[PDB]
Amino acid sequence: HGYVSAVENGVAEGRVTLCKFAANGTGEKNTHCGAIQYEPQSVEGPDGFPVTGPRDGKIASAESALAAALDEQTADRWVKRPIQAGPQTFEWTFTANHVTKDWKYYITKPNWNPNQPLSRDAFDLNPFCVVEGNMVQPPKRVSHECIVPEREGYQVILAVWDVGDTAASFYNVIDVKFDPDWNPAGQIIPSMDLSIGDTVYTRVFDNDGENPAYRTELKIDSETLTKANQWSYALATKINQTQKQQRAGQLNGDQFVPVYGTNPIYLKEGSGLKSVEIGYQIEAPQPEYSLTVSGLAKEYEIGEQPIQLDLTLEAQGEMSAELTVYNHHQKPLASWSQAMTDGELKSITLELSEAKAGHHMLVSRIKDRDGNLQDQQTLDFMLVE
């Protein structure tokens, strides 16, 4: 288990790595990577690439269910790390120890299409770098000296770690860009949808702090602008249309090009401008959410049987409800969660994993359809002899 990293001498972090760790130097992360963001070390799949191995369109994820998001492929989806042709050092960090057959590195063909899913077709299937593992366990960090072929613009390098004792390999794709008076100073991340009537805007900082003369404002006045990727694109575009000392969008050649996704923000050298943050104004209404819990007694008497909470839940709003029972020692004795529709009544019974006299509590959490906590309520009850 492990991943391509850059803590020692590595030229560039793996795609999956940047889901968990910030890029060296720039601080960027990849976004919306799904579950693999919590275990970048586990992009493991069937060995035998390219003859067998992960199938086309499932190379970046290695067919792992946790890493499905990595298989998306467009020109603007992923953070790209600077690189040059010739001698370069690639670095792996291992969280677990495996006997190793070898490591192989592949690179996209010059004619690869950055908007098609990665495939054998997209790569030169003759690896540009191979390092022998000698069927022994490697140390916890390794550095590989490779010769990176000549390329221009955006390319993808596929690092494959072939393990010796199992029918498995680890696959880490790497997004690189082959190598002025514009300084990065923040970015527009599309991380939350908006509602009509809302407004998203920049907060621009000069030498004296925030300065409203430099703000750019986008009113959310159409259903299309409610989508995060859409208002992001639009705010980035409006910055370019209306400002002299600010630009936004991904760097494509010498141009700043707003995309439907993340849009970095840049400030003009000599402008005196320091950075930009984003602010959100929501004139919007607060849907009301509510989960009425009924059926909890004041006391439960310990009998020959396991203690049971027979409860009724009434939902106001569309939600996910999560209930947990804790004894007084912070030990969880029962838990339950389910989606509930606006106006739904449900009858449930929670069985306590154990019954000792004392103060207990039921914690009920309400999350909206988009998954954020709207409310938490904690109800006290007692077990008695």
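Counting begins at 1, following the sequence as shown.
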item: Deposited but uncoordinated residues in the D179/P180 interval; value: 4 to 9
item: Entry-level comparison of average CA B-factors, 30 to 38 and 315 to 323, reporting the higher stretch; value: 315 to 323
item: Given 190 to 198 and 270 to 278, the range whose Cα B-factors average higher in the PDB entry; value: 190 to 198
item: Given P117, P212, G261, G249, the residue at which the Cα B factor reaches its maximum; value: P212
item: Of the residues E152, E72, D254, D76, the one carrying the largest Cα B-factor as recorded; value: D254
item: Cα B factor band for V293 (lowest, middle or highest third within the chain); value: middle
item: Third of the chain, ranked by Cα B-factor, where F170 sits; value: lowest
item: Chain thirds of CA B-factor: placement of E13; value: lowest
item: Third of chain Cα B-factors occupied by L373; value: highest
item: Third of chain Cα B-factors occupied by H360; value: middle
